[PDB]
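Listing of run_7.txt; format and content: compact mmCIF, C-alpha atoms and all ligand atoms.
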# COMPACT_ATOMS: atom_id res chain seq x y z
CA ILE A 1 55.72 -38.79 -78.94
CA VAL A 2 57.38 -37.22 -81.98
CA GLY A 3 58.30 -33.55 -81.83
CA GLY A 4 57.42 -33.09 -78.17
CA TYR A 5 59.30 -32.18 -75.00
CA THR A 6 60.49 -33.83 -71.83
CA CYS A 7 57.53 -33.46 -69.45
CA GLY A 8 59.49 -33.44 -66.21
CA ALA A 9 59.30 -36.13 -63.52
CA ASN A 10 55.79 -36.70 -62.12
CA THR A 11 54.34 -33.58 -63.82
CA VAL A 12 51.67 -35.75 -65.43
CA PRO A 13 50.54 -37.66 -62.33
CA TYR A 14 47.65 -39.56 -63.96
CA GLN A 15 49.93 -41.08 -66.65
CA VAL A 16 50.45 -44.81 -66.21
CA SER A 17 52.64 -47.39 -67.98
CA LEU A 18 51.15 -50.81 -68.71
CA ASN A 19 53.82 -53.46 -68.22
CA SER A 20 53.87 -57.14 -69.20
CA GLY A 21 57.57 -57.64 -68.62
CA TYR A 22 58.20 -54.43 -70.63
CA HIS A 23 56.27 -51.18 -71.27
CA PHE A 24 53.72 -51.71 -74.05
CA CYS A 25 51.03 -49.02 -73.69
CA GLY A 26 49.93 -45.98 -71.69
CA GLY A 27 46.85 -45.41 -69.61
CA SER A 28 45.15 -42.84 -67.39
CA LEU A 29 44.33 -43.21 -63.70
CA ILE A 30 40.69 -42.14 -63.18
CA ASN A 31 40.33 -43.15 -59.51
CA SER A 32 42.38 -45.03 -56.94
CA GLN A 33 41.46 -48.45 -58.38
CA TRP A 34 40.79 -47.92 -62.11
CA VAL A 35 42.71 -47.11 -65.26
CA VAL A 36 41.41 -46.27 -68.71
CA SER A 37 43.39 -47.31 -71.78
CA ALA A 38 42.85 -48.41 -75.41
CA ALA A 39 41.15 -51.74 -76.15
CA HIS A 40 43.86 -52.48 -78.75
CA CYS A 41 46.26 -52.58 -75.79
CA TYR A 42 44.42 -55.56 -74.27
CA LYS A 43 46.41 -58.48 -72.98
CA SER A 44 46.38 -60.72 -69.95
CA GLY A 45 48.97 -60.38 -67.24
CA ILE A 46 49.12 -56.55 -66.95
CA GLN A 47 50.98 -54.74 -64.20
CA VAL A 48 50.09 -51.08 -63.87
CA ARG A 49 53.03 -48.76 -63.11
CA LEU A 50 52.13 -45.44 -61.50
CA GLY A 51 54.39 -42.56 -60.55
CA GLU A 52 56.90 -43.30 -63.32
CA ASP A 53 59.28 -40.97 -65.05
CA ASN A 54 62.23 -43.07 -66.22
CA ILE A 55 60.57 -46.45 -66.94
CA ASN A 56 63.94 -48.24 -66.77
CA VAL A 57 65.15 -46.90 -63.37
CA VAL A 58 63.51 -47.03 -59.96
CA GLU A 59 63.52 -43.37 -58.89
CA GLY A 60 61.40 -43.53 -55.73
CA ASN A 61 57.81 -42.45 -56.53
CA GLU A 62 56.63 -45.63 -58.27
CA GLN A 63 53.72 -47.84 -57.34
CA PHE A 64 53.51 -51.17 -59.17
CA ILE A 65 50.06 -52.82 -58.88
CA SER A 66 48.82 -55.93 -60.78
CA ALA A 67 45.52 -55.68 -62.65
CA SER A 68 42.75 -57.92 -61.34
CA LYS A 69 40.42 -57.50 -64.32
CA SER A 70 40.33 -55.88 -67.77
CA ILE A 71 37.08 -54.86 -69.53
CA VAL A 72 37.20 -54.13 -73.25
CA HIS A 73 34.36 -51.98 -74.52
CA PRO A 74 31.42 -54.23 -75.55
CA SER A 75 31.36 -52.76 -79.09
CA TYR A 76 35.10 -52.62 -79.73
CA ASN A 77 35.96 -53.47 -83.36
CA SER A 78 39.59 -54.33 -83.80
CA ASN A 79 39.42 -53.93 -87.60
CA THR A 80 38.12 -50.32 -87.58
CA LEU A 81 39.29 -49.41 -84.03
CA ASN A 82 35.79 -48.10 -83.33
CA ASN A 83 35.25 -47.97 -79.54
CA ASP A 84 39.02 -48.26 -78.76
CA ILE A 85 38.61 -48.09 -75.01
CA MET A 86 39.19 -50.48 -72.10
CA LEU A 87 39.03 -50.30 -68.29
CA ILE A 88 41.55 -51.97 -66.02
CA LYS A 89 40.94 -52.57 -62.31
CA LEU A 90 43.86 -52.65 -59.89
CA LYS A 91 44.17 -55.52 -57.36
CA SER A 92 44.68 -52.91 -54.61
CA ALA A 93 43.97 -49.17 -54.53
CA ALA A 94 46.83 -46.84 -55.36
CA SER A 95 48.04 -44.37 -52.74
CA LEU A 96 47.10 -40.97 -54.15
CA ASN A 97 49.47 -38.07 -53.60
CA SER A 98 50.76 -35.07 -55.61
CA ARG A 99 52.74 -37.34 -58.00
CA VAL A 100 50.11 -40.12 -58.37
CA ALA A 101 46.72 -38.64 -58.98
CA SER A 102 43.52 -39.29 -60.89
CA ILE A 103 42.33 -37.25 -63.87
CA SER A 104 38.71 -36.08 -64.12
CA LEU A 105 36.28 -37.43 -66.71
CA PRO A 106 34.62 -34.86 -69.00
CA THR A 107 31.16 -33.56 -68.19
CA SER A 108 31.08 -32.23 -71.75
CA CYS A 109 32.82 -33.01 -75.03
CA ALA A 110 35.63 -30.68 -76.15
CA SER A 111 35.56 -28.65 -79.36
CA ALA A 112 37.87 -28.24 -82.29
CA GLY A 113 40.55 -25.68 -81.50
CA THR A 114 40.91 -26.69 -77.85
CA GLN A 115 44.53 -27.18 -76.79
CA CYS A 116 45.34 -30.46 -75.10
CA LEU A 117 48.33 -32.27 -73.54
CA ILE A 118 49.26 -35.69 -74.97
CA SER A 119 51.90 -37.79 -73.20
CA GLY A 120 53.69 -41.13 -73.38
CA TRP A 121 56.85 -43.26 -73.67
CA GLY A 122 56.33 -44.14 -77.34
CA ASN A 123 58.62 -43.76 -80.33
CA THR A 124 60.15 -40.28 -80.80
CA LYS A 125 61.03 -40.71 -84.49
CA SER A 126 58.75 -40.16 -87.49
CA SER A 127 60.79 -42.65 -89.53
CA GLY A 128 62.74 -45.36 -87.78
CA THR A 129 62.78 -46.01 -84.08
CA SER A 130 63.96 -44.52 -80.80
CA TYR A 131 62.19 -45.19 -77.49
CA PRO A 132 62.70 -42.66 -74.64
CA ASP A 133 63.15 -43.72 -71.09
CA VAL A 134 61.50 -40.59 -69.61
CA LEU A 135 57.97 -39.32 -70.21
CA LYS A 136 57.41 -37.07 -73.24
CA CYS A 137 54.73 -34.44 -73.71
CA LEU A 138 53.07 -32.68 -76.63
CA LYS A 139 50.65 -29.78 -76.71
CA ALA A 140 48.28 -30.08 -79.62
CA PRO A 141 44.86 -28.78 -80.70
CA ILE A 142 41.77 -30.78 -81.54
CA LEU A 143 41.11 -30.55 -85.29
CA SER A 144 37.71 -30.03 -86.93
CA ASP A 145 35.59 -33.05 -87.77
CA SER A 146 35.73 -32.00 -91.41
CA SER A 147 39.55 -31.86 -91.51
CA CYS A 148 39.75 -35.19 -89.67
CA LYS A 149 37.38 -36.93 -92.10
CA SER A 150 39.14 -35.38 -95.11
CA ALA A 151 42.50 -36.69 -93.78
CA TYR A 152 41.17 -40.25 -93.34
CA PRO A 153 38.28 -40.82 -95.78
CA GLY A 154 35.85 -43.52 -94.70
CA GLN A 155 37.62 -44.20 -91.40
CA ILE A 156 36.56 -41.63 -88.78
CA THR A 157 33.54 -42.59 -86.68
CA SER A 158 31.58 -40.47 -84.21
CA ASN A 159 33.73 -42.11 -81.50
CA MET A 160 37.01 -40.64 -82.84
CA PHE A 161 38.58 -37.22 -83.16
CA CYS A 162 41.78 -35.96 -84.66
CA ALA A 163 44.36 -33.81 -82.86
CA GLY A 164 47.76 -32.51 -83.89
CA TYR A 165 49.19 -30.67 -86.88
CA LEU A 166 48.45 -31.24 -90.54
CA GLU A 167 51.93 -29.98 -91.48
CA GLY A 168 53.55 -33.02 -89.82
CA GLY A 169 56.41 -33.33 -87.35
CA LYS A 170 54.44 -33.46 -84.07
CA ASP A 171 52.25 -36.42 -83.09
CA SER A 172 51.84 -39.42 -80.79
CA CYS A 173 53.25 -42.75 -81.99
CA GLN A 174 53.66 -46.47 -81.32
CA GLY A 175 54.00 -47.08 -77.60
CA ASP A 176 51.89 -44.01 -76.69
CA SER A 177 48.70 -46.01 -77.41
CA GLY A 178 46.19 -46.05 -74.56
CA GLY A 179 47.61 -42.87 -73.02
CA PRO A 180 45.90 -39.58 -72.26
CA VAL A 181 44.75 -36.54 -74.14
CA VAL A 182 43.89 -33.99 -71.43
CA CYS A 183 42.21 -30.65 -72.21
CA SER A 184 41.47 -28.08 -69.47
CA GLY A 185 41.99 -30.73 -66.76
CA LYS A 186 39.62 -33.33 -68.29
CA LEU A 187 40.43 -36.62 -70.05
CA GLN A 188 39.04 -36.09 -73.51
CA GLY A 189 40.97 -38.62 -75.56
CA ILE A 190 42.85 -41.88 -75.63
CA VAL A 191 45.80 -42.38 -78.04
CA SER A 192 44.36 -44.75 -80.66
CA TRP A 193 45.75 -44.75 -84.19
CA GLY A 194 47.17 -42.91 -87.19
CA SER A 195 48.99 -43.51 -90.48
CA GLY A 196 52.62 -43.74 -89.46
CA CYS A 197 53.53 -40.93 -87.06
CA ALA A 198 53.93 -37.19 -87.55
CA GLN A 199 53.22 -37.49 -91.29
CA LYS A 200 51.87 -34.61 -93.33
CA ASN A 201 48.06 -34.63 -93.58
CA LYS A 202 47.89 -37.67 -91.27
CA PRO A 203 47.12 -36.38 -87.75
CA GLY A 204 46.65 -38.53 -84.68
CA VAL A 205 43.29 -40.21 -84.15
CA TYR A 206 41.97 -40.46 -80.60
CA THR A 207 39.11 -42.22 -78.87
CA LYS A 208 36.42 -39.70 -77.91
CA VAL A 209 36.14 -40.27 -74.16
CA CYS A 210 33.11 -38.02 -73.59
CA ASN A 211 30.97 -40.59 -75.45
CA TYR A 212 31.88 -43.27 -72.85
CA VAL A 213 31.37 -41.55 -69.50
CA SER A 214 28.06 -43.39 -68.82
CA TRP A 215 29.62 -46.76 -69.60
CA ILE A 216 32.71 -45.99 -67.50
CA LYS A 217 30.70 -44.92 -64.47
CA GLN A 218 28.23 -47.83 -64.61
CA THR A 219 31.03 -50.31 -65.14
CA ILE A 220 33.02 -48.99 -62.19
CA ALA A 221 29.93 -48.98 -59.99
CA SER A 222 29.37 -52.72 -60.54
CA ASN A 223 32.90 -54.20 -60.70
CA CA A 301 60.96 -45.56 -62.77
Let me see the structure of the file written as structure tokens.
Amino acid sequence: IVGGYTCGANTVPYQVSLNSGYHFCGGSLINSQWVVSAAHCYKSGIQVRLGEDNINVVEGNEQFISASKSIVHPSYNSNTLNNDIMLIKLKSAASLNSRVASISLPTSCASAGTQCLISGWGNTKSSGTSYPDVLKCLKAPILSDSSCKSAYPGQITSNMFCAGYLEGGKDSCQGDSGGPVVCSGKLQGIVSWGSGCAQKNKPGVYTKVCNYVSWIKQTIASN
């Protein structure tokens, strides 16, 4: 997160870190046994880390649970990042409490102008590289479809939306991928892609979760 703020420990209780020996992506807890993340974050050997603030220090509210299965969206295209969504099942159910909690799925899509909370442990610099140890947060609005498509000609599908600031300086970044965009208590987006980070006229591009609720629910029901 570039241009954000320190969230505060366990203030974002659905935020997870995906770990394969090291943090590599975020995710969102959607029930006691399932996480949603970005398909471009796929790899084998994932451990899900819940209840984290400092990802380098054990602070006392963590739960570390191995994934048993990952399911990339059946239409994911890694060239275009269309359908950049994946589900991860935990080997055992997490213990839900005030610091480890699920986030609701949308019953309706959000609109341009809605303010949302984006979070992660990704890079905090718009040029060069600095990785935080504690969770960072950014409040940002959803941008119009027309401004999103104008920013990224030929690249925005119906499964993507843009959020952030066209002036630059505030955005998600590398290492935030797969993490949440929450608006009015609903998971509306997944951190997906963008040109660099926090660049002028290059806002963040997010997977549009409301298009996937049927697939998520059916998949969970049968796995
Ligand atoms: Ca920790």
Fewer than 4 positions away in the same chain doesn't count, so skip those; otherwise give me all residues within 12 Å of segment 51-62 of chain A, counting all atoms listed in the file, as an mmCIF file with C-alpha atoms, in the coordinates of the input.
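Output (out.cif):
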data_model
loop_
_atom_site.group_PDB
_atom_site.id
_atom_site.type_symbol
_atom_site.label_atom_id
_atom_site.label_comp_id
_atom_site.auth_asym_id
_atom_site.auth_seq_id
_atom_site.Cartn_x
_atom_site.Cartn_y
_atom_site.Cartn_z
ATOM 1 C CA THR A 6 60.490 -33.830 -71.830
ATOM 2 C CA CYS A 7 57.530 -33.460 -69.450
ATOM 3 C CA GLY A 8 59.490 -33.440 -66.210
ATOM 4 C CA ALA A 9 59.300 -36.130 -63.520
ATOM 5 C CA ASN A 10 55.790 -36.700 -62.120
ATOM 6 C CA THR A 11 54.340 -33.580 -63.820
ATOM 7 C CA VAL A 12 51.670 -35.750 -65.430
ATOM 8 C CA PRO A 13 50.540 -37.660 -62.330
ATOM 9 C CA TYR A 14 47.650 -39.560 -63.960
ATOM 10 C CA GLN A 15 49.930 -41.080 -66.650
ATOM 11 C CA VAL A 16 50.450 -44.810 -66.210
ATOM 12 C CA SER A 17 52.640 -47.390 -67.980
ATOM 13 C CA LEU A 18 51.150 -50.810 -68.710
ATOM 14 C CA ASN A 19 53.820 -53.460 -68.220
ATOM 15 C CA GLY A 21 57.570 -57.640 -68.620
ATOM 16 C CA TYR A 22 58.200 -54.430 -70.630
ATOM 17 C CA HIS A 23 56.270 -51.180 -71.270
ATOM 18 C CA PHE A 24 53.720 -51.710 -74.050
ATOM 19 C CA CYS A 25 51.030 -49.020 -73.690
ATOM 20 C CA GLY A 26 49.930 -45.980 -71.690
ATOM 21 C CA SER A 28 45.150 -42.840 -67.390
ATOM 22 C CA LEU A 29 44.330 -43.210 -63.700
ATOM 23 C CA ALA A 94 46.830 -46.840 -55.360
ATOM 24 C CA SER A 95 48.040 -44.370 -52.740
ATOM 25 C CA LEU A 96 47.100 -40.970 -54.150
ATOM 26 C CA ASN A 97 49.470 -38.070 -53.600
ATOM 27 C CA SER A 98 50.760 -35.070 -55.610
ATOM 28 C CA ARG A 99 52.740 -37.340 -58.000
ATOM 29 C CA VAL A 100 50.110 -40.120 -58.370
ATOM 30 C CA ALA A 101 46.720 -38.640 -58.980
ATOM 31 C CA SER A 102 43.520 -39.290 -60.890
ATOM 32 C CA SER A 119 51.900 -37.790 -73.200
ATOM 33 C CA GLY A 120 53.690 -41.130 -73.380
ATOM 34 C CA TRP A 121 56.850 -43.260 -73.670
ATOM 35 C CA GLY A 122 56.330 -44.140 -77.340
ATOM 36 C CA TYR A 131 62.190 -45.190 -77.490
ATOM 37 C CA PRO A 132 62.700 -42.660 -74.640
ATOM 38 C CA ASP A 133 63.150 -43.720 -71.090
ATOM 39 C CA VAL A 134 61.500 -40.590 -69.610
ATOM 40 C CA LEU A 135 57.970 -39.320 -70.210
ATOM 41 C CA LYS A 136 57.410 -37.070 -73.240
ATOM 42 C CA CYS A 137 54.730 -34.440 -73.710
#
Atom CA of residue 41 of chain A to atom CA of residue 27 of chain A: how many Å, to one decimal?
9.5 Å
Measuring between all atoms listed in the file, which one of A:39, A:112, A:162, A:187 shows the shortest distance to residue 78 of chain A?
A:39
Show which residues sit within 12 Å of segment 195-200 of chain A, as a ChimeraX atom specification. Count all atoms listed in the file, and ignore same-chain residues fewer than 2 positions away.
/A:1-4,122-129,138,151-152,155,162-177,191-193,202-205
Of the listed residues A:63, A:37, A:80, A:44, that which approaches ligand CA 301 (chain A) most closely, counting all atoms listed in the file:
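Comparing A:63, A:37, A:80, A:44 against ligand CA 301 (chain A), the winner is A:63.
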When you count all atoms listed in the file, which of these residues is closest to ligand CA 301 (chain A): A:76, A:161, A:212, A:64?
A:64
Using all atoms listed in the file, which of the listed residues (A:36, A:30, A:140, A:50) sits closest to ligand CA 301 (chain A)?
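For ligand CA 301 (chain A), the nearest of the given residues is A:50.
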One number please: atom CA of residue 118 of chain A to atom CA of residue 142 of chain A, in Å, one decimal.
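One can read the atom CA of residue 118 of chain A to atom CA of residue 142 of chain A distance as 11.1 Å.
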With N, CA and C atoms as the target, complete segment 39-50 of chain A and hand it back as an mmCIF file, in the coordinates of the input.
data_model
loop_
_atom_site.group_PDB
_atom_site.id
_atom_site.type_symbol
_atom_site.label_atom_id
_atom_site.label_comp_id
_atom_site.auth_asym_id
_atom_site.auth_seq_id
_atom_site.Cartn_x
_atom_site.Cartn_y
_atom_site.Cartn_z
ATOM 1 N N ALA A 39 41.406 -50.328 -75.985
ATOM 2 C CA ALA A 39 41.150 -51.740 -76.150
ATOM 3 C C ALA A 39 42.198 -52.471 -76.976
ATOM 4 N N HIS A 40 42.838 -51.810 -77.963
ATOM 5 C CA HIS A 40 43.860 -52.480 -78.750
ATOM 6 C C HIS A 40 45.124 -52.780 -77.954
ATOM 7 N N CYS A 41 45.217 -52.266 -76.719
ATOM 8 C CA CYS A 41 46.260 -52.580 -75.790
ATOM 9 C C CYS A 41 45.912 -53.794 -74.931
ATOM 10 N N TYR A 42 44.740 -54.422 -75.092
ATOM 11 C CA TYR A 42 44.420 -55.560 -74.270
ATOM 12 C C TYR A 42 45.500 -56.642 -74.348
ATOM 13 N N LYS A 43 45.795 -57.187 -73.148
ATOM 14 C CA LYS A 43 46.410 -58.480 -72.980
ATOM 15 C C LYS A 43 46.212 -58.942 -71.554
ATOM 16 N N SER A 44 46.438 -60.246 -71.322
ATOM 17 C CA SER A 44 46.380 -60.720 -69.950
ATOM 18 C C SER A 44 47.717 -60.436 -69.271
ATOM 19 N N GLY A 45 47.698 -60.480 -67.954
ATOM 20 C CA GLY A 45 48.970 -60.380 -67.240
ATOM 21 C C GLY A 45 49.533 -58.959 -67.115
ATOM 22 N N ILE A 46 48.667 -57.957 -66.960
ATOM 23 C CA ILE A 46 49.120 -56.550 -66.950
ATOM 24 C C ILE A 46 49.514 -56.172 -65.524
ATOM 25 N N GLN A 47 50.670 -55.518 -65.389
ATOM 26 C CA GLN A 47 50.980 -54.740 -64.200
ATOM 27 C C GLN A 47 50.905 -53.258 -64.523
ATOM 28 N N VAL A 48 50.198 -52.504 -63.670
ATOM 29 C CA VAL A 48 50.090 -51.080 -63.870
ATOM 30 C C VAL A 48 51.197 -50.385 -63.067
ATOM 31 N N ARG A 49 51.915 -49.473 -63.711
ATOM 32 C CA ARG A 49 53.030 -48.760 -63.110
ATOM 33 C C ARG A 49 52.715 -47.271 -63.044
ATOM 34 N N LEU A 50 52.506 -46.803 -61.834
ATOM 35 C CA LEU A 50 52.130 -45.440 -61.500
ATOM 36 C C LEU A 50 53.357 -44.711 -60.982
#
